[PDB]
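Listed here are the chains, written in short residue letters.
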Amino acid sequence: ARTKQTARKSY
Amino acid sequence: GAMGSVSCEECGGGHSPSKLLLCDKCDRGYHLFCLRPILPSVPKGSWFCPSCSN
Ligand SMILES: [Zn+2]
Ligand SMILES: [Zn+2]
């Protein structure tokens, strides 16, 4: 599942 | 990169982001500990909130 924590770009 | 500006719909808070679940339909956020029934950990796979699980 997706969370606020995982919902970001990691370049 | 930065997290998005999402807040939990139940408590209004954007804290505890590792526990702030996003629904795979409506994309609203819910803390594990704000859901009723309570969830003890982040579920594996896709997840849907009570309004979307149907
Ligand atoms: Zn909450
Ligand atoms: Zn939903």
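Residues numbered from 1 in each chain as written, not as in the entry; some residues may be left out. Chains lettered and ligands numbered in written order. Heavy atoms only, no water.

As recorded in the PDB header, X-ray crystallography is the method behind this entry, and the stated resolution is 1.702 Å.

Looking at the PDB entry, chain B carries the name ATXR5 PHD domain, with the source organism given as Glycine max. As recorded in the PDB, this entry has the title "Crystal structure of ATXR5 PHD domain in complex with histone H3".

Engineer: Can you break down the interface of chain B and chain A residue by residue, with the values?
Structural biologist: Counting from both sides, the interface comprises 19 residues of chain B and, opposite them, nine residues of chain A. Roughly 1,200 Å² is buried in total at the junction of chain B and chain A, and carbon and sulfur atoms are behind 51% of that figure. When residues of chain B are sorted by the area they lose upon contact with chain A, B:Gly1, B:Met3 and B:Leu22 head the list and together hold 40% of the total. Inspection of the chain B/chain A interface yields two salt bridges. Between B:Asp24 and A:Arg2 there is a salt bridge whose closest N-O contact spans 2.7 Å. Partitioned by chemical class, the residues of the side of chain B that touches chain A number eleven nonpolar, five polar and three charged. As paired elements, strand β1 (residues 2-3) of chain A and strand β1 (residues 20-22) of chain B share two bridges and run antiparallel to each other. Across the sheet, A:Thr3 pairs through a bridge with B:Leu21, a residue of β1(B). (Contact = heavy atoms within 4.5 Å. Buried area = accessible area lost by both parts, 1.4 Å probe. Salt bridge = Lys/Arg side-chain N within 4 Å of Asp/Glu carboxyl O. Nonpolar A, V, L, I, M, F, W, Y, C, P; charged D, E, K, R; others polar. Pairing = 2+ DSSP bridges. Helix = DSSP H or I, 4+ residues; strand = E, 2+ residues; numbered from the N terminus.)

Engineer: Residues and numbers for the side chain of A:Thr3, please.
Structural biologist: Within the secondary structure, A:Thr3 sits in strand β1. Judged by its relative accessible area of 3%, A:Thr3 is buried. Setting aside residues no more than four positions away along its own chain, A:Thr3 makes contact with B:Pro17, B:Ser18, B:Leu20, B:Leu21, B:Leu22 and B:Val42. (Buried < 20%, exposed > 50% of the residue type's maximum accessible area, 1.4 Å probe, protein only.)

Engineer: Tell me about the environment of B:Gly14, and name the residues and values.
Structural biologist: Relative to the helices and strands, B:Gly14 resides in the segment before β1. As for B:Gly14 and B:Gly4, which are separated by ten residues in sequence, their C-alpha atoms are 9.8 Å apart. Beyond its immediate stretch of four places on either side in the chain, B:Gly14 contacts A:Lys4, B:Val6, B:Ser7 and B:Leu20.

Engineer: Summarise the coordination of the zinc ion (ligand 1); cite the residues concerned and give the values.
Structural biologist: Within the protein, the zinc ion (ligand 1) binds to B:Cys8 (SG), B:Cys11 (SG), B:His31 (ND1) and B:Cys34 (SG); these donor distances fall in the range 2.1 to 2.3 Å. One can describe the donor arrangement at the zinc ion (ligand 1) as tetrahedral, given that its four donor atoms subtend angles of 97 to 118 degrees at the metal. (Donors = N, O, S within 2.8 Å, 3.2 Å for Na, K, Ca; no water. Tetrahedral: all angles 85-135°; square planar, octahedral: opposite > 155°, others 65-115°.)

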